[PDB]
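Chains as they are written, first to last, in the authors' numbering: chain A, 32 to 100, 113 to 435, 490 to 828; chain B, 32 to 100, 113 to 435, 490 to 828.
Just so it is clear, CB atoms sit at the ideal spot from N, CA and C, and this is done for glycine as well.
Protein chains: 2
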Amino acid sequence: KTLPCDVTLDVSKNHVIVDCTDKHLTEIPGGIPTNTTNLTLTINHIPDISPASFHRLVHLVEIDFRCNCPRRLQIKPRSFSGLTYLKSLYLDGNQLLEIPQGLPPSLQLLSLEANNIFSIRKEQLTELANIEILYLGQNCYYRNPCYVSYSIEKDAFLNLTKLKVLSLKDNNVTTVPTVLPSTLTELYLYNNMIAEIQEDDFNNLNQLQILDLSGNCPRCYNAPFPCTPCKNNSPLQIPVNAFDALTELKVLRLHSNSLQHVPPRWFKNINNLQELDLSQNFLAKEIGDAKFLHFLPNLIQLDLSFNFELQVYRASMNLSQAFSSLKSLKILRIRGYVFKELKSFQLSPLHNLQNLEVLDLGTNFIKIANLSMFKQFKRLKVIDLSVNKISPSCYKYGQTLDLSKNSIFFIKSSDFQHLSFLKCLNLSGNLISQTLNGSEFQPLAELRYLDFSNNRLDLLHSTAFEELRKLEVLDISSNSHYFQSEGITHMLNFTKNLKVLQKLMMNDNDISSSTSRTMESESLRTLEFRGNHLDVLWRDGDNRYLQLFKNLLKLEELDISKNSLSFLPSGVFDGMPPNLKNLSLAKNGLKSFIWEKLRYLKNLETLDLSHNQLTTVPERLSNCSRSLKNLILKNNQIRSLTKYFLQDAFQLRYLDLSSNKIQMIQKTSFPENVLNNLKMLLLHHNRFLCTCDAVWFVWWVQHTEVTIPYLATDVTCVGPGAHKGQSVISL
Amino acid sequence: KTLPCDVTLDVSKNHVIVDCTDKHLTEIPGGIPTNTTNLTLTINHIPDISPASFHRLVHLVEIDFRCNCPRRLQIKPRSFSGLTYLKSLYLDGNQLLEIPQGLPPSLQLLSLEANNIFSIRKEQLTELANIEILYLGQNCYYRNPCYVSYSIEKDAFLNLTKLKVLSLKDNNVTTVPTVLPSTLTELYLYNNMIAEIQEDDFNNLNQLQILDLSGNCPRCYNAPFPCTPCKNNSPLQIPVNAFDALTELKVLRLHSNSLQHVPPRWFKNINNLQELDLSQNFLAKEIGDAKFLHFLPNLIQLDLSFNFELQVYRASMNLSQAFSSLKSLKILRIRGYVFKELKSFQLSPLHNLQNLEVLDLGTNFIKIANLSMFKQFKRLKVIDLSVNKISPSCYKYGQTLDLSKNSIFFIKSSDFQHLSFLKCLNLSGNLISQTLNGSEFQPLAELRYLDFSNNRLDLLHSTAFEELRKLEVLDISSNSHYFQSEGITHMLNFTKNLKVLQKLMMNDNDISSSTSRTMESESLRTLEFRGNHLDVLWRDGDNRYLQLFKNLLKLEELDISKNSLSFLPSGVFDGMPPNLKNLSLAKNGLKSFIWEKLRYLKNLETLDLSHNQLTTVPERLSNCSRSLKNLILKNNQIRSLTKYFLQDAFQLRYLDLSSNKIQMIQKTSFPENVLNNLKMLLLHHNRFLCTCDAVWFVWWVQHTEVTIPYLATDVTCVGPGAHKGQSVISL
Ligand SMILES: *[C@@H]1O[C@H](CO)[C@@H](O[C@@H]2O[C@H](CO)[C@@H](O)[C@H](O)[C@H]2NC(C)=O)[C@H](O)[C@H]1NC(C)=O
Ligand SMILES: *[C@@H]1O[C@H](CO)[C@@H](O[C@@H]2O[C@H](CO)[C@@H](O)[C@H](O)[C@H]2NC(C)=O)[C@H](O)[C@H]1NC(C)=O
Ligand SMILES: *[C@@H]1O[C@H](CO)[C@@H](O[C@@H]2O[C@H](CO)[C@@H](O)[C@H](O)[C@H]2NC(C)=O)[C@H](O)[C@H]1NC(C)=O
Ligand SMILES: *[C@@H]1O[C@H](CO)[C@@H](O[C@@H]2O[C@H](CO)[C@@H](O)[C@H](O)[C@H]2NC(C)=O)[C@H](O)[C@H]1NC(C)=O
Ligand SMILES: *[C@@H]1O[C@H](CO)[C@@H](O[C@@H]2O[C@H](CO)[C@@H](O)[C@H](O)[C@H]2NC(C)=O)[C@H](O)[C@H]1NC(C)=O
Ligand SMILES: *[C@@H]1O[C@H](CO)[C@@H](O[C@@H]2O[C@H](CO)[C@@H](O)[C@H](O)[C@H]2NC(C)=O)[C@H](O)[C@H]1NC(C)=O
Ligand SMILES: C[C@@H]1CN(c2ccc(C#N)c3ncccc23)C[C@H](C(=O)N[C@H]2CNC[C@H]2F)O1
Ligand SMILES: C[C@@H]1CN(c2ccc(C#N)c3ncccc23)C[C@H](C(=O)N[C@H]2CNC[C@H]2F)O1
Ligand SMILES: *[C@@H]1O[C@H](CO)[C@@H](O)[C@H](O)[C@H]1NC(C)=O
Ligand SMILES: *[C@@H]1O[C@H](CO)[C@@H](O)[C@H](O)[C@H]1NC(C)=O
Ligand SMILES: *[C@@H]1O[C@H](CO)[C@@H](O)[C@H](O)[C@H]1NC(C)=O
Ligand SMILES: *[C@@H]1O[C@H](CO)[C@@H](O)[C@H](O)[C@H]1NC(C)=O
Ligand SMILES: *[C@@H]1O[C@H](CO)[C@@H](O)[C@H](O)[C@H]1NC(C)=O
Ligand SMILES: *[C@@H]1O[C@H](CO)[C@@H](O)[C@H](O)[C@H]1NC(C)=O
Ligand SMILES: *[C@@H]1O[C@H](CO)[C@@H](O)[C@H](O)[C@H]1NC(C)=O
Ligand SMILES: *[C@@H]1O[C@H](CO)[C@@H](O)[C@H](O)[C@H]1NC(C)=O
Ligand SMILES: *[C@@H]1O[C@H](CO)[C@@H](O)[C@H](O)[C@H]1NC(C)=O
Ligand SMILES: *[C@@H]1O[C@H](CO)[C@@H](O)[C@H](O)[C@H]1NC(C)=O
């Protein structure tokens, strides 16, 4: 089948999926199966649509036709009336001026985003009486302007009795389109120019659950996007008796509305509100009072970020006592509340929130913060202490103290006292210049993850991190400052004292010398050593560091890549861990990789040599390794394989030679006896010349079921002559 | 003259200087003038020396032979005895094991640095009875080891009655070389392994002026170099009665000696001490006491940097009251004294030093610092407030407040109050995100320079920097954050209100759009606009921003380079300042730079088109411009000049076509009537093919006096065949 689009079959789901994503077709291809259900026609060069485009396809329930656009796109009349079983259609980014007509009554979803439709009338919506979801957003804003306000005729959406989802974002709307259908459940009116809300705007939405009114009359100070604030810097005028009929409301986003007060009368009728967004407002004084929090006992999320007032640097964080009424609160982000010093009793209202897990306090420029005050927030899961200026992922491991990008330049044992419950500690970006001695992280008895990346660490002692008995993952990446120095001791055998260490990231360290001859660990299984200098360590005639990873008995993941290795000295594979399982040598510069030495690795399965400068493939992979399964030779320089490349290599299950200079592949090197089990195989972006010398290649590539991606677009033919750019399956 | 080395003549001085710096010679060339005075033989591949090397050269006064080394250098006996008028000699970095013998008595200077001389005896210094300066440093240290202690026989240097300067730095010295000659004036004994000083070491040095004992018993914590601290972390043991005979001592450097106390008895006899270095020590407690400062009334410089105690973060700087006894103090470095808060009265001892000019307080991690306290240090010249974490060149303009790389994230008018005397304000690296309004820098009435580079500026108002009435130079470079945003207003006409602005740096801003059509200034003379995007501003069919620089009437130097300009639209030269004098378009990417429009610039003199992708030179430079004199077409892609390039063009004074693909140059395009006035001309690293078609080129290049640098090494010949790599003067 010469279809250039992927096909997926789910007989239980009776769905046949044909997707042509980013394939640059100029017309709908012929031969599309009649039993397809999901059709994708995203970014492409399709000129227009016609009734013959979907002539014989009656079992279609989905058409994805997003962002296809010399001029705009035109749709013929009765272009979709023959799609009786149609249920969803995307027409986003097509520069359509008006809603297409003739759509089947069975249509359930319709997306018209990023178009030029700025006028909505009842007559054009008469055919959408059974629609469920309508996406009419992004029709008039700074990225795609229309220079006029959105026009809604009276009761345009009223007769859409089945409508539940309606998004009118980024549409230059001035007033709420009354009257909306009573069956609405999600209303997205955010990022518009609606300046006032009427009391008769939401009388009939009794089933509404999500209401987004974000960006109307926005806070435009230092805004990286074109936004027009309201007149006289007024907030979005919402009456007190506006959210009356909203009884099933669960999400209410009021982000960036320049709000100064939040009346408690707004939350009088919405009993089951779960998420409330109030970011980018002027509620810094309201946070001190926060009377409206007493009407939200079921609130789950509360975003109050970036509510600071300009030219004011507060001495303290003024949280109200009404924050204790948030019984069900879990996530509380109060970023952008810039203030000087964080004290112990400023978080007193949150001391009894049993369901509180995340406490975000980043981007506040906090200077003084006693970390011992967090011994009361042990039940929490994330304690965010981000880019603020405090001076002396991990979420799966337990309690997390994210101290990244602070002003900590040295570590004291007393600073981390009363923090034994910590399971992770993120110290990334602090630029700590310290020679570790094994006593800094003493109170961190239960620490399991320690992030020390983007710092200045000095491995002068092998007793570094010795007191982290329960540490499992250690990240000391991007500490290249002291490792770049030559002649000072670099004790790389500091991992011997770590009894339960499992993973070690120490990459991008520019390590070129080591006093310690070997690295020792009886529990390490993953070690990333990329972006370093093993060429000097494995220099010609230098056998000192050949067995650098031999003593890592349990090591199963070695990531020595980007290490400027022009060649591997003969003998390094003898000094490799016995239990090495997956290996990576990507982006190294490897000129010649010897293959018969791979027999010493009797457990390797995923040798990775992507983005290398190799030239020759092994003579016989079976004689090389008896367990290698997942070869990755992407972006290599290979011109032709061996006559018996995959002979007797039954254990292979993955192969990758994409982006090479290969010319021809014959049968005797690729027997089907092996190819029947290959789960994956890549041979695209290479230099196949499609002459008559590859009759078997032509026959096999278009008649086997071996998975080869991009078999009709990216894997082309270089010759001869008129056969330039030919598809390997079109031969 | 085919000498590949430059020649300089000073008849009044009677020096003829020949220099072969970095010219890779294998042997001293023949034909060297007999009347030469200075000979330079720096880094090269010279195998050895012979008496015939300087056979007939009797008027030689200077020979330079630094860092020329299959094996080391070999010097034959009597290799310098024939140099009667020899006066100075350099043999640095030649791997010599012993001092060469046979040197003339008339030698005044002898440098033997970076060699392998680790043993000094009286017999080999017997010939140096008239030496004045001796540089025996860098003989045994971590970059060039010798694995043994530096050994000197007793009274080896004693009989050198004329010795004045002796540098034994980085030589693995253990004990001072008693007894030194009594006429010593400069002793550089720093960076050694001397742990003890005896009271009988400096008895005869009563004309000594500089004593360097830095790096002995060093402080090796966070040391980026291999340094060995002494036993028990002891300081350099100096007796109290050690600096007794030293009476004319002017400079005493004790940097990195791990000193804990500085007894006042040391400074009892040195009355005229001017510079005192005490950096990288443990004198944090001594600074609080500092009793020794009462014995230095003539001290000019006092370096007390990096005296912090480990794991100690002080709350304040404890400066002693004895700092007021430094009557003549001008220079003061107190960096590395890391502490929390800088208060007003902490600098009270410095309030009465009339000669104090600079006060450096960086690398201290100061958090709270009221900038209004510096209204007392008006007589100062530089107030360094660098990488410290304070939160809310210049030296030729007057008072400087260097607030670079601080923790200031917004600017208040009250913060800079009482700082009207400021002539500079360096706010670079603070990453201030602010929309300037014209009231932030209000108290800065007399500000003449403002560095605001590496920040986040938002040109939303044209009134930015309006209150800086006396501002002359403005630096807003590397503010690409908000300028990268598309659609927001960028008022580039903010310079109209600056009446006396003279220079403007606004580079690396990635500016792609501008609401303002033109830039206005009646006094701007220099404008640097590199690292921006003028290709989109001058996009095809976009005539909005063609006259962006017309209204800069007084502009005389424009720096629109690295701006991704593939081509200049026809008409931009019609939109240029009338008084434009210097112009730069380097590293842009000009595919075709027209020259006939250059007539519109009747004042241009330094059209700079280096590192571009031009192809064709103008037909006639005389018809192009009548005042151009400084072409720079370096690193261009030019293959041949036209037939009448410099025809009738007399006003040019500089020409640069280095690193091109030019092949042949004829006479009619380069008439000597023009070349007699060219001060400079570069034609190296090009692709001349030296066939028989260039007879005039061959004759002229080796018989004219037009200045052409690297005429024998870099400007080579591509052909034909055996003439590959031939020198243009060797033809
Ligand atoms: C193929 O089209 C069908 C019909 O539009 C898609 O089925 C919908 O999937 C979403 C996501 O789970 C559900 O919310 C809808 O209720 C489904 N509708 C129906 C009628 O089943 C299906 O997801 C599409 N397949 C692909 C790969 O896009
Ligand atoms: C949103 O609608 C307003 C109102 O029509 C548009 O404002 C017009 O903008 C054009 C182009 O700048 C002007 O010529 C008109 O005079 C404006 N009219 C008014 C009443 O102000 C605005 O441009 C629209 N926004 C977008 C992104 O198209
Ligand atoms: C420690 O903090 C840094 C800084 O936020 C985290 O780095 C970010 O990680 C997320 C998730 O992987 C990325 O999406 C961001 O791009 C990262 N930002 C930077 C600047 O690196 C880091 O992931 C944190 N450590 C852990 C273990 O999660
Ligand atoms: C050429 O050599 C002479 C002789 O060594 C140099 O003259 C010396 O210059 C220094 C620096 O000014 C003085 O301190 C010495 O007193 C001078 N000595 C004599 C004997 O004149 C001269 O500087 C050298 N010139 C160059 C360009 O290297
Ligand atoms: C400075 O001198 C000391 C003393 O001789 C040298 O120390 C020797 O170093 C070598 C090589 O490491 C050892 O084999 C010797 O045993 C050391 N001797 C002693 C007495 O400790 C030191 O190497 C020298 N420094 C340099 C840079 O050469
Ligand atoms: C403002 O402070 C910055 C930061 O120190 C100065 O930038 C340094 O300038 C010196 C002198 O030109 C250079 O040698 C350094 O390499 C620069 N460092 C950096 C990080 O840029 C800047 O020069 C100061 N402003 C003025 C006018 O001197
Ligand atoms: C959250 C605050 C808002 N800011 C401010 C700008 C102007 C002010 C005035 N007048 C102001 N006044 C008080 C408090 C904050 C102010 C800028 C500041 C900042 O430095 N932002 C960086 C940090 N790294 C990310 C980037 F967003 O962040
Ligand atoms: C000057 C101080 C010395 N430092 C320190 C290291 C270890 C300590 C322990 N125990 C310590 N204890 C107290 C005070 C400072 C300490 C590191 C600190 C620093 O962050 N250095 C960066 C800043 N940007 C340049 C680069 F040098 O600078
Ligand atoms: C019907 O569905 C099957 C699914 O396997 C598909 O192969 C076929 O092309 C479809 N159309 C037919 C049978 O006309
Ligand atoms: C905190 O806010 C409340 C009400 O907003 C106010 O009464 C109180 O004075 C504030 N306290 C501080 C320290 O800002
Ligand atoms: C931090 O809190 C702990 C426990 O309350 C206390 O012992 C310690 O002194 C505090 N540190 C500071 C600097 O206040
Ligand atoms: C690391 O090696 C050094 C010798 O180089 C040794 O003194 C030290 O005990 C070793 N430490 C560990 C943890 O293996
Ligand atoms: C090899 O890499 C894969 C990434 O695709 C990883 O999931 C696996 O754990 C690694 N080790 C193996 C396959 O032994
Ligand atoms: C003498 O000095 C002159 C200086 O102009 C120089 O040209 C000449 O080569 C020297 N040697 C002679 C004249 O032998
Ligand atoms: C300052 O130093 C002196 C002597 O070094 C000491 O007596 C005094 O207590 C110190 N004061 C402070 C605040 O450190
Ligand atoms: C800074 O000093 C000035 C003048 O002494 C004073 O008016 C101002 O209040 C001080 N600011 C702070 C924060 O102490
Ligand atoms: C800059 O131009 C704007 C119009 O774009 C104008 O309103 C403003 O007054 C101008 N300011 C100056 C200083 O020229
Ligand atoms: C142009 O720039 C050069 C830099 O080499 C400078 O010397 C000259 O004074 C400037 N002005 C001119 C040539 O008018």
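Where are the beta strand (DSSP E) runs, 3 residues long or more, that stay fully inside the segment 491-528 of chain B, in chain order?
497-499 and 521-523
Counting only C-beta atoms, is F507/B closer than 8 angstroms to chain A at any point?
yes
Using a beta-carbon distance cut-off of less than 7 angstroms, what residues from the segment 493-507 of chain A approach chain B?
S504, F506 and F507
Outcome for residue 104/A when other beta-carbon atoms lying within 10 angstroms are tallied against a minimum of 16:
Residue numbering in chain A breaks between 100 and 113, and residue 104/A falls inside that break, so it has no position here.
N66/A, DSSP secondary structure in three states:
coil
Reduced DSSP category for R357/B - H, G, I as helix; E, B as strand; rest coil:
strand
Taking just the CA atoms, how far does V381/B sit from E352/B?
9 angstroms
Three Cβ pairs or more, each shorter than 8 angstroms: is that satisfied between the segment 259-266 of chain A and the segment 321-340 of chain A?
yes
May I ask whether a heavy atom of ligand 4 can be found less than 7 angstroms away from the beta carbon of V208/B?
no
Closer than 9 angstroms at the beta carbon, the chain A residues around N732/B:
The contacting residues do not exist; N732/B stays about 28 angstroms from chain A at best.
Measuring only the C-alpha atoms, how far is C814/B from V42/B?
35 angstroms
Helix, strand or coil at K600/B [DSSP, three-state]:
strand
Ends of the alpha helix (DSSP H) at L772/A?
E769 to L772
Measuring straight from C-alpha to C-alpha, what distance separates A238/A and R614/B?
32 angstroms
Taking the runs of the beta strand (DSSP E) that are 3 residues or longer, which of them lie wholly in the segment 116-147 of chain B?
131-133
Check whether chain A comes within 8 angstroms of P435/B, counting only Cβ atoms and requiring the distance to be less than that.
yes
Scan the segment 522-544 of chain B for residues whose Cβ lies nearer than 8 angstroms to a Cβ of chain A and list them as they occur along the chain.
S530, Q531 and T532
Note down, in chain order, all residues in the segment 176-188 of chain B with a beta-carbon under 7 angstroms from any beta-carbon belonging to chain A.
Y185
State the DSSP-derived secondary structure class of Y697/B, mapped to helix, strand or coil.
helix
Start and end of the alpha helix (DSSP H) containing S719/A?
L718 to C721
Using 7 angstroms as the cut-off, classify the Cβ of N594/A as near or not near the heavy atoms of ligand 12, replying yes or no.
yes
So that I know if they touch, is there some Cβ in chain B lying closer than 8 angstroms to that of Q323/A?
no
What distance in whole Å lies between the Cβ atoms of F562/B and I529/B, which are believed to be in contact at a cut-off of 8 angstroms?
Contact doesn't hold; Cβ gap of about 14 angstroms is too wide.
Could you tell me whether any non-hydrogen atom of ligand 13 is closer than 7 angstroms to the CB of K212/B?
no
Specify, as a first and last residue, the run of the beta strand (DSSP E) that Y546/B falls within.
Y546 to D548
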